[PDB]
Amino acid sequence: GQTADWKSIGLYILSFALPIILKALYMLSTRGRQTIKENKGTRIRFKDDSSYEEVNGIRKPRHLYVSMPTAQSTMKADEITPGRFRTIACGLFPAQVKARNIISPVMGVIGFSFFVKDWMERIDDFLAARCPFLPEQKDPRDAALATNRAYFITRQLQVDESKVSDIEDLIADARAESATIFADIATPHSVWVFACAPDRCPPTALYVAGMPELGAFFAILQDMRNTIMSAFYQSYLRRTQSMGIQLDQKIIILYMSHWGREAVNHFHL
């Protein structure tokens, strides 16, 4: 699909109290098929005491509604599907997801908890390392120009021109509501946007150099693990690239060469 209205879907979600969002995300991330096949009707209704409206001065509960898995078909661009909800909420609240250690089993079994354990050091070591396909500088002091960090700056300058107004709008409106958004992969919660296994790169992270590709790295591990025991990478690729950016396949190679062997040793088999 390509046609999701993230600005609008994001407006809806950001107007809710956090505890009801985290409940919905939790339920649909770790109990997805279990909550769907027990839901009466066309919508999945979440309740929470944190979530209320006032109807002419009187306080009344405000439920969060996600619409059941429509197999495409009647999908309004506006429609908050389980997949669309997960994707956007993952990007909007990764620090809160981290704080609660919410992890989708789908990510847990490719060793996500071990992987993000010392994430800040792990990403730093990655960015500090030599990038095989940048040349060596002839002045020894310019050596940083040959690192993965250098390569991500060029990537950042490249993704900056492929920005769409509606996703920049959503990002704008995310800041205006104190969401735990971020501008750089080298930040404590960047990797946590994938804890709940969004089906694509979350829109608010699309334009941070390396992020769409990080999600792709995880998806390939899913396929790898699945092989050891599926189209996780191809599905993620298709859906992410339908948001209007193309993945940098060179970055995925860097991620895999750096982290691949160790990741496999931490699969749950």
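Don't overthink the numbering: it's just position in the shown sequence, from 1.
- Coordinates are given for every residue of the deposited sequence from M68 through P69, so that no gap is recorded there.
- Checked against the record, the higher mean CA B factor of 251-259 and 10-18 lies with 10-18.
- Higher average CA B factor: 40-48, of the stretches 234-242 and 40-48.
- Highest C-alpha temperature factor among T147, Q96, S162, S113, as the PDB entry reports it: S162.
- Take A176, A197, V191, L134 and read off each C-alpha B-factor from the entry; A176 has the highest.
- In the deposited entry, the Cα temperature factor of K76 places it in the highest third of its chain's modelled residues.
- Among all modelled residues in this chain, the alpha-carbon of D125 has a temperature factor (C-alpha) in the lowest third.
- Sort the modelled residues of the chain by CA B factor and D223 lands in the middle third.
- Among the modelled residues of the chain, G83 sits in the highest third by CA temperature factor in this PDB entry.
- In this PDB entry, the Cα temperature factor of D142 sits in the middle third of its chain's modelled residues.
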